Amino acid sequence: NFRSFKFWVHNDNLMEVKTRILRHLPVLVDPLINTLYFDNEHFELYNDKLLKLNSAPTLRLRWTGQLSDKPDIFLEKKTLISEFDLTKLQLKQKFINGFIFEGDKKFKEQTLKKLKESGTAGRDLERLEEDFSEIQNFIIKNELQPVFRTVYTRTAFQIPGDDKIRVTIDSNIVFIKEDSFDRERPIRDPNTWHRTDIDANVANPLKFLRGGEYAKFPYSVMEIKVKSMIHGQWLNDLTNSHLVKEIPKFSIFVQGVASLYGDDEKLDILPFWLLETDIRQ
C-alpha cells in the first residue's frame, strides 16, 4: 500500500496475459510513450539506483504521441522512500530549455502568478512552488542532463476509483541514446532538450539512427501496483503461472543505461537480473 511488482512477459504469452487481466479489470483505450531520462556524465543516478544509495531518485521527461502534436510534457522525479514518492511538473515545451539548462525561474513565476489570479489555494500554490524548486535544484546541483529515451506502447488496466489493484503492460520497448557527452558531434545538441531527428514530423524519423545509438528490449514489462515477492487471487493464479516472470527490483532506467552504454566503457557496474534464462520455461 502501495507496493509495486514488476514482471517480464514473453511475446508468446502477451495476448494470453492480457485476456486474463481483462477478465478482472477494464482496459483503457497505439501512440508511443516517450520517456527521456536524466543523469550526469558520471552516471551517478544510475549508480545510486543500482546500488540502492541516497533514496535513488530517477528523473525523466515524459510525453505521449508525437511531439509535433503539441502534447503535454511532464518532468517527473521518482524516489523510493517501501513507498515511491513522485514529484511531477507539467512543462510548456518552449520553456524546457531554460528550465533545465539555464536555471530559469520565469516559467515557475508566470505559472504561480496565473494560478494565484484564478484562485488556487495558498497551500497548493506553495506546494507547486516547492515542486518546481526541488526538481530544478536537483538538476543543477547534480549537473543532470537528458541522457537517453525509452519508447514503448502501454496497455493500462484499472477499475475507476478503485485503488486496490492496477496493471500496466509496456511493449515494443526501445532505448535510444540522447546525450551530449561527445564534445564534437554530441548526439543531442547541448542546449536543446531532445535530439531533434527522432521527433521530426516526417515519414520515418528513425532514418538516421545508428546501430550503436539504440537497443531493443526483448520482453514486455508488466507492473502490478497493489494496495508476489518481498479479487486478489486471480493475481496468484496469473503470477504463479508460466505466463509472467517476476523480476524483483527491475528498473527500466537501469536497464536502458546498461543496454546502451555498457559496451561503451562508461559504466563500472551492470545489473544482473537473472535474460539468459528462457523466461517461458
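The numbering used is simple: start at 1 and walk along the sequence shown.
Legend entry - Length class of the unmodelled deposited segment, which would lie between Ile230 and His231: According to the record, 4 to 9 deposited residues lack coordinates from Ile230 to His231.
Inset, instruction - Could you bin the unmodelled part of the deposited chain lying between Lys227 and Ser228 as none, 1 to 3, 4 to 9, or 10 or more? - result: Going from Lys227 to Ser228, the model skips 10 or more residues of the deposited sequence.
Legend entry - Average Cα temperature factor in the PDB entry - higher stretch of 156-164, 68-76: So the stretch with the higher mean C-alpha B-factor is 156-164.
Inset, instruction - Determine, for stretches 244-252 and 231-239, which one has the higher mean CA B-factor as deposited. - result: Averaged over C-alpha atoms, the B-factors run higher in 231-239.
Inset, instruction - Report the option among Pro31, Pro26, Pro57, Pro218 whose CA atom has the maximum B-factor in the deposited record. - result: Answer for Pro31, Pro26, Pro57, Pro218: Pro31, with the highest C-alpha B-factor.
Inset, instruction - Please work out which residue in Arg123, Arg188, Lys207, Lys116 has the highest C-alpha B-factor recorded for this crystal structure. - result: It is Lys207.
Inset, instruction - State the tercile, meaning the lowest, middle or highest third, of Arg183 with respect to the CA B-factors recorded for its chain. - result: Answer is highest: the recorded C-alpha B-factor places it there.
Legend entry - Chain-relative CA temperature factor third for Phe84: It falls in the top third of the chain.
Inset, instruction - Place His42 in the lowest, middle or highest third of its chain's C-alpha B-factors, as listed in the PDB entry. - result: Ranked within chain, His42 CA B lands in the middle tercile.
Legend entry - B-factor third for the C-alpha atom of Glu109 within its chain: CA B-factor rank for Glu109: highest third.
Inset, instruction - Sorting the chain's modelled residues by C-alpha B-factor, tell me whether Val151 ends up in the lowest, middle or highest third. - result: For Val151, the deposited C-alpha B-factor lands in the lowest third.
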